[PDB]
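S.K.: got a sequence here, can you build the structure:
(2 chains, ligands or ions: 4)
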Amino acid sequence: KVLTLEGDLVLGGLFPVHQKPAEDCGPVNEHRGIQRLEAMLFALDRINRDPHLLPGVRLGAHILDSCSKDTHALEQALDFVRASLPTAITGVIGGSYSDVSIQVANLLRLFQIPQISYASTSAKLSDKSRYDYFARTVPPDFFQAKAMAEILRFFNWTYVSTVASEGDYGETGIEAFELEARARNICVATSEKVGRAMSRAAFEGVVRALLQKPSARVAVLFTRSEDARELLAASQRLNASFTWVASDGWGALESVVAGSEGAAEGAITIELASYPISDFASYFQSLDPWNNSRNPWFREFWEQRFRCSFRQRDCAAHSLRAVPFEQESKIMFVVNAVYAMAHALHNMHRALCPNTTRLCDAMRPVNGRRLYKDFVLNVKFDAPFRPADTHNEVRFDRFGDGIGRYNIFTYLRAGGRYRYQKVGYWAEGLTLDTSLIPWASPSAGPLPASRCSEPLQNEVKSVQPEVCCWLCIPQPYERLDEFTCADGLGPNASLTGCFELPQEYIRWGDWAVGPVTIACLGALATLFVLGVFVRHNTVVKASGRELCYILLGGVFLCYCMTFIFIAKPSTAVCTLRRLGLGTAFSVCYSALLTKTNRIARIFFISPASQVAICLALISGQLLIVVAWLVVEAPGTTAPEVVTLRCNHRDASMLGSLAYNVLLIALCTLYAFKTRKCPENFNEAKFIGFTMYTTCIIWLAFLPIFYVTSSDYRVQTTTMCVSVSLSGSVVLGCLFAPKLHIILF
Amino acid sequence: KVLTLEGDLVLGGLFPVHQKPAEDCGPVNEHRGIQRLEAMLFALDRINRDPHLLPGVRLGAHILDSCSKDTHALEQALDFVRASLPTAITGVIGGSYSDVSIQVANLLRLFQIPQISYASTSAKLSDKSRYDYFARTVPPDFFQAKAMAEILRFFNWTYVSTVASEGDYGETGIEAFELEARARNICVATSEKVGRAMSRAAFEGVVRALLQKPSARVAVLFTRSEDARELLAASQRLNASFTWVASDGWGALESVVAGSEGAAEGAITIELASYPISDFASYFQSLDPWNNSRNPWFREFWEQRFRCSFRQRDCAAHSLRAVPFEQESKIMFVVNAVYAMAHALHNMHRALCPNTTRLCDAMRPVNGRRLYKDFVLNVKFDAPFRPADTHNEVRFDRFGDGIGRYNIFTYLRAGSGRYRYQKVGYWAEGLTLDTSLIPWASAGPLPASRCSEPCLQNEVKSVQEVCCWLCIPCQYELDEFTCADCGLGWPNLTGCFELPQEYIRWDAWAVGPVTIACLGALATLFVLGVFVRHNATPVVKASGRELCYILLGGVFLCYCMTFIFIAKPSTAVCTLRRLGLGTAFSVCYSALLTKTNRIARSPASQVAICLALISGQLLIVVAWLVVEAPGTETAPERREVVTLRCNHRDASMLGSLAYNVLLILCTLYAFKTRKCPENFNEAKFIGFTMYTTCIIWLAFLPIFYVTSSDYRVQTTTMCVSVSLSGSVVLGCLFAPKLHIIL
Ligand SMILES: N[C@](CC1c2ccccc2Oc2ccccc21)(C(=O)O)[C@H]1C[C@@H]1C(=O)O
Ligand SMILES: N[C@](CC1c2ccccc2Oc2ccccc21)(C(=O)O)[C@H]1C[C@@H]1C(=O)O
Ligand SMILES: *[C@@H]1O[C@H](CO)[C@@H](O)[C@H](O)[C@H]1NC(C)=O
Ligand SMILES: *[C@@H]1O[C@H](CO)[C@@H](O)[C@H](O)[C@H]1NC(C)=O
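M.R.: Numbering: from 1, shown residues only, chains lettered A, B, ... in the order given. Ligands and ions are numbered 1, 2, ... in the order given. Below, you will see the structure:
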């Protein structure tokens, strides 16, 4: 059957009056069908009574039934399309389920008929390429993903788990939430799926999968009513508690929390926002079958509601005023849709018809394209029958979807008698009032946290073996990158680079003061001795007289080594020191060897031969020294400062000292031959004393050298003062008696 | 009006009988509507009389008129859907224009009715989400773009320009062609578009814009016939020459080319392939209005065709057999579509109801989904009424688009007054043609349009369109963009080459310095010997000649610098060269200075005074040496870089030699004593020697500045000056002794 009301313009409608075997239509749906249909009739009466909207033209209706099946609705829409070619349908206000809306839109876009849908929220319907002529007064479903992502973010939760149901509702929402969470820098731990028919142990499987990765105590649900009920029951069985964030499927229903109330504490849920229409209740309460003849489906609804038959005349007793009335959620959207179409036609009248209250001949056919593209999509008005305080308004976004307002709820521990409570809303951004949720005002510890890793540069932010998680791992000694550590001989404050440590060295400003002073004193004394020696080259000529000058020269050479020693270490400096000690020591002892050899030589011997022998020994020691260092080419860090040192070892220096010791031993034996032989003021005793003194000095120095080689700050000083003391000892033991005798 | 034929199963059809104001559709379209309608009726009769194809089920028809409008098409197509929800239409074969097919497909997908189209070629219909119940026996258009890309790739033409036309055909084809060309590394030169209602001036402007860049001489057209005629013929009004590649818009039509045969010579065009059906000729010519009473629209067609009327009763005179007959191109596709539908239903009957030849109960509501999903798309058979030699087949791919076979044509004028079309190949799945017949493939080179020639390997392929870049090569500096300097110092471009260092030969120019050095050494030895022999004589024994021995040694050393300087560079060599340089002058100057000073006032103490100065010189040189590692030169022309020098700074050498310059003191100490009348005028000799040394030193100065660039000249001048000073000083000092002795 059809419902018809004559008028100048007729608005079609499509409602799910009967539910879904051989038959195509079953029992009557009370809440969704009859209440919404009567709401549409209420709106049409109120608009025709209003003297500002459509003063002249009267609106009619042509309402059909959908029977909750796409095939039946598509079959019935042929009536509208055929009438488009007795009464011409201006528009269609219908579509309760997503699929019926899809089919009717695909059929009607060809013949250019507008459509406004009051309760279709599928996300596939915003693609205006396929559905050119669609409008709706309810927001699309994917806004809930944005709202839930914002709610999660504002509480600082990063590690989350998601559960979705099979079908379009759970799926499309789940990819929407994933896309938004990726943008908001939120990482999803695991993603599950719940089927239509699933056993209790199979639900234990899902909750066990959720418990597989602990430390995630926030579970996002995008589920229908029955699936959520089973999931909460399964959570009750296994004594597992989380903090749940849900879509409008959970909503504020009481059935989903029934017999498993213990787990449902602290859930945050989102629901569509609505207010009661005061006059609709009064209008609906007074319906009776005898007075209401417009509605063809009122008799069957009354028979089903009051379980009575009309043939026996036993139905007159019952009345709707006795039973309680709970107004359905989406009546507001039906009234808003009808009013929006009315306002669009009113603007079209004010524009096209210049000065006639009645229907002008310019609109006898009505152009769908211009109406939809210009006037329908540009409607702004205060919502009819709005609450007195509120300021709700109706407006369509460019894509055709309506504006969105949501309510946010939590589950409250009232005394006991637990109940839902309101905590905020979502118009354009989250506007939570935190004082009214029992888990945040008392501040009992930190807010229930779902995060994997906490965020300085001191410890490297190593890549965790989950990609989202970043484990913090501290080189103390040696990092080029944030997660990588770099390395060398000789770390910066910024800790991303390296700063070169100073290269330690013995400086002249330091320990070195005394050696320098004694070196200058000895050098000056040696110069004066050389001068007084050359001055009277006379008592001088008796004892060789040439060994004396080289005797002074060796002492002078020794002094040169003292400055050589304490200097900046380089390859040149290392070569110079590795050579000079051998030359100095060798010459100094060689002179004495030759002198002692000549003493008592008769009991060959000539001025020319002695210098040849001395030069031969000096050259032998020098050649040994050259090979060592020539083999040991020179070059200048600890596992615990960047000291500079020559890599060459000291064993060769020990060998040079050993050759020197052999020389001194030969001197000792020769002086033992003739301890004090008087030839020229009896020098031989002085020679012997010098030999003993050199023996003692070397015996003190070389073992001390080996002992103190460990520490650098002492070793070089000990070496230099030791050698200088040896040289001054040689001077005092050899020259000094001759100095006193010839001086006076 | 509607044509209906009674039968067990009924097939619907759409045909544009009338063309496209108050009136809905006007004059009757003969070639496009009537011929194809008679084709469908012919196929249905033939199939109904066939022995082994649907033997017991008789097919019927329900044909409608589209009037070439989408809205009218939808209004008439409502009948098919209202039948199901009353002859129970099974499938619809129709849709000539693209828009009608799109609209009817959108309407019919809802109620699940299959559709086969004979002449809809738009690329939008390949999408399966929007239209999932569409199959066509004619290939889509972008196959033409693929074929064009292949044709251009075969002849190696890489710089081409594209001209398109407004309307889905043009932009869709051009987009497909650019995609396929970029797939095959073909770069576009210029793009242009032709409007709906441009004038002759605009066409001339388009031709001028095409001629703006002459690097391309091959033009790709995706245009309709009217635009093609105006563009081509307007290539004589302004003289121009190009090679044309065109879509089916040009084809083999004789109307598009008229009076502009010059500009159109050498063209290449692509056209769909079809073959005549001989039986249709007899069937169509045999038709008469009284005999063929079932067709509703034949009377109007005769009235329009022969210009007669029923009221005057003059129409009986005319007959169809008199006038010549020409076949429409897509009649093959019409018959193929009907036969494909029949074969699909036959497979349904064979598989689903294998027990009875007649119609079965299970089939009475025919399920569209099963038909389309399983039996329509997998049908393959021999084409009906095919030519005897050829082997064609009817099949559909996954998307419902049919196979594609094209023909390739080229213009040709041979005997005088014989301009005409000829075939040069085909395109079934890969391009195939022979150049044997083509006129221009060895009367000159192959006509080419390539922006740049291939770049040389050795020459640098400068990276400046993709093919636009020309070749720019370069000096001393492997790949296209890898131009790198071969280090400090020689390409092969295998790698950098390091030439051996320039070492002066141990050399003809160097011979002379050795000769003068040997002369100096021999003379100094002779002087030393004649001094040794003459020791007893008073002339030499008066001073004692101790300074004479050291002067001879200094002379020997300064001669020895001649050999020392000319040697292969080495760290030790450079160090010794630096060291001895000051040493020679210091020894000589100290010797002369001591010879003056000892009598300017212990003879052996004079040796000590000499020793102090020489030791100081030694100390300063060794300190300046040791300080900087002495060690062992980049230059242009890639031939002077072989030269190398010791790393020690040459200026530091001058700073060191400043001490010896201070010594060059000797003249100061000589000047005051010049008044004293020394025996044999020794002081005068010393002063003359100091002046001579100063003169030689002054002459030394310009040479260094002049030829610091050339190592050879500087070295030769330096050694020459040193030896000259040494020889002059020795001669001056020992002239009295030599004169007295010999
Ligand atoms: N608008 C709804 C939304 C619907 C839905 C609603 C709640 C839970 C699950 C669920 O599943 C899907 C899946 C895809 C698209 C839409 C939905 C419709 O049926 O289209 C429905 C509120 C309307 C009404 O019941 O009156
Ligand atoms: N198959 C065509 C292709 C058609 C077309 C054909 C040739 C030149 C231009 C041209 O313009 C467009 C533009 C967009 C889509 C289709 C076309 C159709 O109308 O769909 C047409 C051959 C069919 C017939 O006219 O019988
Ligand atoms: C969330 O973290 C931000 C960043 O430190 C902080 O400013 C804010 O106070 C935190 N809010 C809550 C509720 O923890
Ligand atoms: C086309 O180019 C290829 C690649 O160099 C070459 O092998 C072929 O011979 C060319 N053909 C013609 C006709 O130029």
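
S.K.: the residue in chain A positioned nearest to chain B: neighbouring residues, count only.
M.R.: Residue nearest to chain B within chain A: residue A:572 (5.1 Å; Cβ to the nearest Cβ). Where C-beta positions appear, they are placed from N, C-alpha and C, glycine not excepted. Neighbour count of residue A:572, defined by other Cβ atoms under 10 Å in any protein chain shown: 18.

S.K.: quick check: phi and psi at the closest residue to it other than its chain neighbours.
M.R.: In this structure, residue A:572 finds its nearest non-sequential neighbour in residue B:626, 5.1 Å apart by Cβ to Cβ, 6 or more residues apart in numbering or on different chains. Main-chain dihedrals, residue B:626, degrees, to the nearest 10: phi -60, psi -30.

S.K.: so residue B:626 sits right up against residue A:574, yeah?
M.R.: No. With contact defined as Cβ atoms under 8 Å, residue B:626 does not reach residue A:574; the gap is 11.6 Å.

S.K.: residue A:139 contacts residue A:404, doesn't it?
M.R.: Yes. Using Cβ under 8 Å, residue A:139 is in contact with residue A:404, at 3.4 Å.

S.K.: which residues does residue A:320 contact?
M.R.: Taking Cβ atoms under 8 Å, 6 or more residues apart in numbering or on different chains, we find residue A:320 in contact with A:284, A:285, A:286, A:287.

S.K.: in the stretch 1-150 of chain A, which residue sits nearest ligand 1?
M.R.: As assessed by Cβ to the nearest ligand atom, ligand 1 sits closest to residue A:98 within the stretch 1-150 of chain A, at 3.3 Å.

S.K.: now for residue A:148: which residues touch it?
M.R.: Taking Cβ under 8 Å, 6+ apart, one finds A:177, A:220, A:245, A:247, A:270 in contact with residue A:148.

S.K.: and for the last one, the neighbour number?
M.R.: Right, the one you point to is residue A:270. Counted with other Cβ under 10 Å, the neighbours of residue A:270 add up to 24.

S.K.: which residues of chain A lie near ligand 3?
M.R.: Proximity of chain A to ligand 3, by Cβ under 6 Å from any ligand atom, involves residues A:155, A:156, A:447.

S.K.: which of those ranks first by neighbour count?
M.R.: Result: residue A:155 is most packed of the residues of chain A next to ligand 3 (other Cβ under 10 Å), 18 neighbours.

S.K.: test my guess that it contacts residue A:446.
M.R.: No. Contact criterion Cβ under 8 Å: residue A:155 and residue A:446 do not qualify, at 11.1 Å.

S.K.: rewinding a little: the residue of the stretch 1-150 of chain A closest to ligand 1 touches residue A:122, doesn't it?
M.R.: Yes. Counting by Cβ under 8 Å, residue A:98 touches residue A:122, with 3.6 Å between them.

S.K.: any idea how many residues pack against the residue of the stretch 551-700 of chain A found nearest ligand 3?
M.R.: Of all residues in the stretch 551-700 of chain A, the one sitting closest to ligand 3 is residue A:640 (41.6 Å; Cβ to the nearest ligand atom). The local packing of residue A:640 (other Cβ under 10 Å) involves 5 other residues.

S.K.: do the one 10 residues further on as well
M.R.: Applying other Cβ under 10 Å, we find 14 residues neighbouring residue A:650.

S.K.: and if you look at residue A:422?
M.R.: Residue A:422 has 14 nearby residues by other Cβ under 10 Å.

S.K.: same deal with the one 3 residues further on?
M.R.: By the other Cβ under 10 Å criterion, the neighbourhood of residue A:425 contains 16 residues.

S.K.: next one: residue A:636
M.R.: Residue A:636 has 14 neighbours, counted by other Cβ under 10 Å.

S.K.: that one against residue A:646, yeah?
M.R.: Yes. The pair residue A:636 / residue A:646 is scored as a contact, 4.6 Å apart, by Cβ under 8 Å.

S.K.: anything in contact with each of those two?
M.R.: Among the neighbours of residue A:636, those also in contact with residue A:646 (Cβ under 8 Å, 6+ apart) are A:569, A:573, A:574.

S.K.: quick one: residues contacting residue A:421.
M.R.: A:409, A:410, A:411, A:412, A:436.

S.K.: from ligand 3, how far off is it?
M.R.: Noted for residue A:421: a distance of 19 Å to ligand 3, by Cβ to the nearest ligand atom, to the nearest Å.

S.K.: which residues pair with that residue across the strands?
M.R.: On the basis of DSSP bridges, residue A:421 is bridged to residue A:410.

S.K.: contact partners for residue A:41?
M.R.: So residue A:41 contacts A:61, A:294, A:295 (Cβ under 8 Å, 6+ apart).

S.K.: ok, the second one - how many residues close by?
M.R.: Going back to what we said before, that points to residue A:294. Residues near residue A:294, counting by other Cβ under 10 Å, number 13.

S.K.: residue A:362: neighbour count?
M.R.: 15.

S.K.: go ahead and confirm it touches residue A:349.
M.R.: No. Counting by Cβ under 8 Å, residue A:362 does not reach residue A:349; the two are 9.8 Å apart.

S.K.: correct me, but residue A:605 touches residue A:598?
M.R.: Yes. Using Cβ under 8 Å, residue A:605 is in contact with residue A:598, at 6.5 Å.

S.K.: for the two, indicate the residue with more neighbours.
M.R.: A count of neighbours by other Cβ under 10 Å puts residue A:598 above the other of residue A:605 and residue A:598, at 18 against 9.

S.K.: quick one: residues contacting the more buried one.
M.R.: Residue A:598 sits in contact with A:544, A:605, A:610, where contact means Cβ under 8 Å, 6+ apart.

S.K.: reformat these as JSON lines; add distance to ligand 1.
M.R.: Shown next, in JSON lines, are those (distance: Cβ to the nearest ligand atom, whole Å):
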{"residue": "A:544", "distance to ligand 1": "123"}
{"residue": "A:605", "distance to ligand 1": "127"}
{"residue": "A:610", "distance to ligand 1": "121"}
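
S.K.: fine, thanks again, bye for now.
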